[PDB]
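These notes concern the structure reproduced below.
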Amino acid sequence: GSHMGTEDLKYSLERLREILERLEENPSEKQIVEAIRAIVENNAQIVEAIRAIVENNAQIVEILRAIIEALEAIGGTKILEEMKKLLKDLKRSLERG
Amino acid sequence: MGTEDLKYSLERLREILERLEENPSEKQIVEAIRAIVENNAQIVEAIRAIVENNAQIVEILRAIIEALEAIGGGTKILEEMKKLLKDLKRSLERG
Amino acid sequence: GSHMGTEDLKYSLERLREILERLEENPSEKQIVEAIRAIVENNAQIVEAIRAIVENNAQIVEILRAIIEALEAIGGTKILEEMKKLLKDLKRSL
């Protein structure tokens, strides 16, 4: 269901190992399918986690930009130019949708 | 985080997929599933390390805003950074 | 083929869901390998996205590293000393 955090990944991962145990001991077609249904369900929760992390990175970028502005308004420099370069580069290579 | 264990896991999974496609067998299917579970293990671990590192980044951002406030006081930029940071805190990926 | 962003995971995951529905309705050895194939594809996009995020993480830490420098040159401290510790831990992790 709705994603609550990384602990969701653990509970689906550990349940994934439980299904694997049943598989190695008592193989069966229905069980191979069961394990695949579980992997899918596990992957859908991994995507949500990565999605949320990507949005967090985007928000962090905006905060870093505002910090640069505040630093420029306060102290007016070489380091400031260096930071803006990194932020530009990060903006260019940022993982997004 | 570190990604070698991830790529090392994915490459093995890739090769295992090759055999299964070549000689579809129950043992090879199970061998592939075991590899996927192991790949998802490194994935989930790498995601956990990114989340914990973000949490510390959020804390460093808080200290930064304080260091800026101690030097400069009330600015529109500060209300902006704080409002932004609060929105990042409400939506941070957590446990 | 070429990783373009998290939208790639969403699409491949949806293909993977689609391959599952057929597998479950009418199982067979063909669809099983089809499903696994799609899992490896989705996992590959996932690893790529994660690899890019870890890269972003490194660049962010550098920007914070340069900021703390800028703060030191401007205002001389405890909070900076505190910020240097958090960063050191974070730099150690990566």
Side-chain angles (χ1 to χ4, degrees), chain B residues 2-3 5-6 9-10 13-14 16-17 19-21 24-26 29-30 32-33 35-37 39-40 42-44 46-47 49-72 93, chain C residues 9 16 27-28 32-40 42-50 52-54 56-77 79 83 86-87 89-90 93:
Chain B
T3 54
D5 311 298
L6 256 187
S9 316
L10 180 59
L13 178 58
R14 277 202 183 284
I16 297 180
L17 173 70
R19 302 142 191 192
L20 168 56
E21 296 171 308
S25 159
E26 167 177 304
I29 292 172
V30 174
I33 287 172
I36 297 174
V37 171
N39 184 235
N40 289 29
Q42 297 304 290
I43 288 167
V44 171
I47 294 170
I50 295 156
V51 161
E52 290 165 14
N53 284 335
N54 274 338
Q56 263 184 79
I57 284 167
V58 162
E59 296 297 277
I60 300 187
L61 294 177
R62 184 70 191 75
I64 281 169
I65 295 170
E66 183 60 21
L68 298 180
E69 187 162 27
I71 289 162
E93 182 67 354
Chain C
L9 322 179
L16 173 46
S28 61
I32 292 171
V33 190
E34 217 190 50
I36 296 171
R37 217 183 282 104
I39 296 170
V40 189
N42 180 242
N43 274 40
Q45 294 295 321
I46 288 163
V47 185
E48 283 302 322
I50 295 176
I53 291 160
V54 167
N56 301 152
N57 189 35
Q59 293 162 309
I60 287 156
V61 162
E62 274 293 314
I63 297 170
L64 302 174
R65 190 276 307 153
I67 286 164
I68 298 172
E69 248 186 71
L71 288 175
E72 203 179 299
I74 286 172
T77 74
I79 188 64
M83 284 187 306
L86 294 173
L87 177 60
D89 185 347
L90 190 50
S93 169

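The sequence lines fix the lettering, A, B, ..., with proteins before strands; numbering per chain opens at 1.
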(request) Show your reasoning for whether side-chain contact (heavy atoms from CB on, under 4.5 Å) applies to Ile50(B) and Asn57(C). (result) CA-CA 8 Å; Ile50(B) 295 156; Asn57(C) 189 35; 5.7 Å; no
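To the nearest 0.5 Å, atoms CD1 (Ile46(C)) and CG (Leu6(B)) are separated by 10.0 Å. The distance from atom CD1 of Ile71(B) to atom CD1 of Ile74(C), rounded to the nearest 0.5 Å, is 6.0 Å. To the nearest 0.5 Å, atoms CZ (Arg65(C)) and CD1 (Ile60(B)) are separated by 12.5 Å.
When every heavy atom of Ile79(C) is checked against every heavy atom of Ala67(B), the shortest pair comes out as CG2-CB, 4.2 Å. Nearest heavy atom pair, residue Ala46(B) against residue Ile50(C), reads CB-CG2, 4.1 Å. Between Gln56(B) and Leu86(C) the shortest heavy-atom distance is OE1-O, 3.2 Å.
Within the 4.5 Å cutoff, no side-chain heavy atoms of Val47(C) are placed close to those of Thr3(B). Under the 4.5 Å side-chain criterion, counting only non-hydrogen atoms from C-beta, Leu90(C) is in contact with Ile57(B). Taking the side chain as every heavy atom from C-beta outward, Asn39(B) and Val40(C) never approach each other to under 4.5 Å.
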